[PDB]
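Trainee: need a structure here:
(2 chains)
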Amino acid sequence: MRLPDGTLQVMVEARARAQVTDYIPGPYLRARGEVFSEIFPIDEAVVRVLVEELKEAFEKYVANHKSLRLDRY
Amino acid sequence: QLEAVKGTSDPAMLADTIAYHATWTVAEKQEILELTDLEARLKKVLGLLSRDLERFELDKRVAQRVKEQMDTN
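Mentor: Numbering: from 1, shown residues only, chains lettered A, B, ... in the order given. Below is the structure in question.
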């Protein structure tokens, strides 16, 4: 979204991590990468236990900041 | 304010009604209107009402010990 006061808002969604091979001197700057880094979950038992522990930690963490501006939902 | 306040969904008239029930100086009220966050308003006013509760209990404390000291004398 464009605004006439100089502030342009953008809503982005990150897809996947990647490496950066080299930059070109700009302005503006361009960069390229060799491969797209993707990882696959293997042996999901301990992974699921750690997901459950992260769920417990976030559930016990979500209801603390009453005045430090943190939403519940 | 007997039946005019009980069963009211409006929070703002309700909250600043509490604000002009807090019997202190006009400077306290300007200190309120300095603050833009409603949560810290209502929390420090809960602190005011808690110290009002200890004023209440200290008054019953001094009243009880004064009349038992009196009639035991």
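Trainee: secondary structure element holding residue B:58?
Mentor: helix B:38-72 (DSSP states H and E).
Trainee: cool, residue A:23 as well?
Mentor: Residue A:23 belongs to strand A:22-24 when assigned by DSSP H and E.
Trainee: paired strands for that strand, with orientation please.
Mentor: Within its sheet, and counting by DSSP bridges, strand A:22-24 is paired with strand A:30-32 (antiparallel).
Trainee: center of chain A, which residue is that?
Mentor: For chain A, residue A:14 is the residue whose C-alpha lies nearest the centre (C-alpha atoms, centre = their mean; 6.1 Å).
Trainee: for the helix holding residue B:58, which positions count as buried?
Mentor: Residues B:41, B:45, B:48 are the ones in helix B:38-72 that count as buried (16 or more other C-beta atoms under 10 Å in any protein chain shown). (Each C-beta comes from the backbone N, C-alpha and C, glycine too.)
Trainee: can you redo the residues you listed as CSV with distance to residue B:6?
Mentor: Compiled in CSV, these are given as follows (distance: C-beta to C-beta, whole Å):
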residue, distance to residue B:6
B:41, 22
B:45, 20
B:48, 22
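Trainee: ok, of the residues you listed, which one's closest to chain A?
Mentor: Among the buried residues of helix B:38-72, residue B:41 lies closest to chain A (C-beta to the nearest C-beta), at 10.4 Å.
Trainee: might one say that that closest one is in contact with residue B:34?
Mentor: No: with contact defined as C-beta atoms under 8 Å, residue B:41 does not count as touching residue B:34 (10.2 Å).
Trainee: pick out the residue of chain B closest to chain A.
Mentor: Chain B approaches chain A most closely through residue B:39 (4.9 Å), counting by C-beta to the nearest C-beta.
Trainee: that residue is in contact with residue A:68, isn't it?
Mentor: No: between residue B:39 and residue A:68 there is no contact under C-beta under 8 Å: 9.5 Å.
Trainee: residue B:40 against residue A:67, yeah?
Mentor: Yes: in this structure, residue B:40 sits in contact with residue A:67. The criterion is C-beta under 8 Å, and the distance is 5.9 Å.
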